[PDB]
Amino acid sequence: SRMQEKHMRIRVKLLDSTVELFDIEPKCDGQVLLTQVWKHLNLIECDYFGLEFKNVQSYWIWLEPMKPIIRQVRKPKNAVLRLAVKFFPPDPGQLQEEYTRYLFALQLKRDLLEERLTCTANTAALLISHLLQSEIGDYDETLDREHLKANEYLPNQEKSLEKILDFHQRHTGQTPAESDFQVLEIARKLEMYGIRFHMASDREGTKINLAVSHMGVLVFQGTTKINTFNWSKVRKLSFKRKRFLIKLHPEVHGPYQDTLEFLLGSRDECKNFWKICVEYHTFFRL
């Protein structure tokens, strides 16, 4: 006999791609699972992190700490979630623990592989060369080529093999911590560092990509950044159905207007973007 409810088995894909299994009562709030994961990892700076899952609409959503797990994931038999950085600070090299910096380097590795973190060809190759130094150590042509055959860093990485090898040869003797630090140093200056797009349209019907960062709410047209609504200028964030509302400094040359509106693809996509913006503001401001 059991004095607890039957537990659900949840697979958690970690940042190194290993999978750990966690058994939890479906009615438990997300925090229960989050804390088991932080313990398994001995992750001190856990406030930067979350667990995410992919919905039927194929987009990633964050596990909420104060809602029952079963109501969020819905799959009693095989819930799968993955560890991810939620909050990207401007200077991750200044994170307090080597372990946290290690996890951030792994996150950036994933964002490069998944084509979220974009950059010039040489810069991508340089990033990968430091990732190689951290994982397999000093350059050797055979060791590098065999590793790159069995481990993916970028789609069509073979195009950049020569550049990757060339840069790796420069990193002789560098430790994994040094290598992670270099990954963070290179990545943090990239326009796409920590960026996840949420598709929307503006007042004129132009298709844009919304994002949020430690600096504020961001607007991209295609891949080009066209606005930064800095937190200091943001008075309120709201949403109604598919509409995302930013209350901001008013326009100078027009009848008084303090609010910009963007239309997302659905109520829930809108709500999810609103949520991450509010969370970013709380994390990085006051």
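All residue numbers are counted from 1 along the displayed sequence.
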{"query": "Stretch exceeding the other in mean C-alpha B-factor - 222 to 230, 257 to 265", "finding": "222 to 230"}
{"query": "Entry-level comparison of average CA B-factors, 268 to 276 and 15 to 23, reporting the higher stretch", "finding": "15 to 23"}
{"query": "Most elevated Cα B-factor in the entry, residues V73, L126, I195, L95", "finding": "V73"}
{"query": "Entry-reported Cα temperature factor of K77, expressed as the chain third it lands in", "finding": "highest"}
{"query": "Ranked C-alpha temperature factor of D91 among modelled chain residues, by third", "finding": "middle"}
{"query": "Entry-reported Cα temperature factor of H249, expressed as the chain third it lands in", "finding": "highest"}
{"query": "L165 CA temperature factor, ranked by third within the chain", "finding": "highest"}
{"query": "Third of the chain's Cα B-factor distribution that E135 belongs to, per the entry", "finding": "middle"}
